[PDB]
Amino acid sequence: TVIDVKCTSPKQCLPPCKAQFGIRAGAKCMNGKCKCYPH
């Protein structure tokens, strides 16, 4: 998934990823915005 969590690092997208997107869900950054892994 992609959220409009704007990023300097994966860190700041990891709590929304684990919010709504999944149990062990992960997050990384590219182009200043998140690319969330819902697993």
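- For this deposited structure, the header cites solution NMR as the method used.

A closer look at the pairing of strand β1 (residues 26–30)
Moving on, step 1. Alignment of β1 against strand β2 (residues 33–37), held across five bridges, turns out to be antiparallel. In the strand pairing of β2, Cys29 is matched with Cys34.
Moving on, step 2. Linking β1 to β2, which pair antiparallel, is a turn of two residues; within it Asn31 sits at a positive phi near 60°.

Describing the nonpolar core
Moving on, step 1. Of all hydrophobic cores here, the largest spans eight residues; its members are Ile3, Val5, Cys13, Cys17, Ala25, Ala27, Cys34 and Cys36.
Moving on, step 2. Residues contacting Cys36, with those up to four places away along its chain left out, are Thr1, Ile3, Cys17, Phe21, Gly26 and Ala27.

Points about the environment of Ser9
Moving on, step 1. Note on placement: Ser9 falls in the segment before α1 (14–21).
Moving on, step 2. Engagement of the side chain of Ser9 in a polar contact is seen with the side chain of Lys11, the distance being 2.8 Å.

Considering the state of the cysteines
Moving on, step 1. Within the structure shown, the criterion is met by three disulfides.
Moving on, step 2. Between the sulfur atoms of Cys13 and its disulfide partner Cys34 the distance amounts to 2.0 Å. Here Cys13 and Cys34 share a disulfide; its torsion about the S-S bond, -90°, makes the bridge left-handed. Of this pair, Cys13 sits in the segment before α1 while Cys34 sits in strand β2, and the two are 21 residues apart along the sequence. Here the two residues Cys13 and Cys34 agree in accessibility, since each one is buried.
Moving on, step 3. There is a disulfide in this structure between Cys17 and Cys36, and the S-S distance comes to 2.0 Å. In this pair, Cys17 is assigned in helix α1 and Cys36 in strand β2, connecting sequence segments 19 residues apart.
Moving on, step 4. Sequence-ordered numbering of the bonded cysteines in the protein gives a pairing of 1-4, 2-5, 3-6.

Thresholds, definitions, all that
Residues numbered from 1 in each chain as written, not as in the entry; some residues may be left out. Heavy atoms only, no water. Pairing = 2+ DSSP bridges. Helix = DSSP H or I, 4+ residues; strand = E, 2+ residues; numbered from the N terminus. Core = buried A, V, L, I, M, F, W, Y, C linked by side-chain atoms within 4.5 Å. Buried < 20%, exposed > 50% of the residue type's maximum accessible area, 1.4 Å probe, protein only. Contact = heavy atoms within 4.5 Å. Polar contact = N/O pair within 3.5 Å; in protein donor to acceptor, adjacent residues only side chain to side chain. Disulfide = S-S within 2.5 Å.

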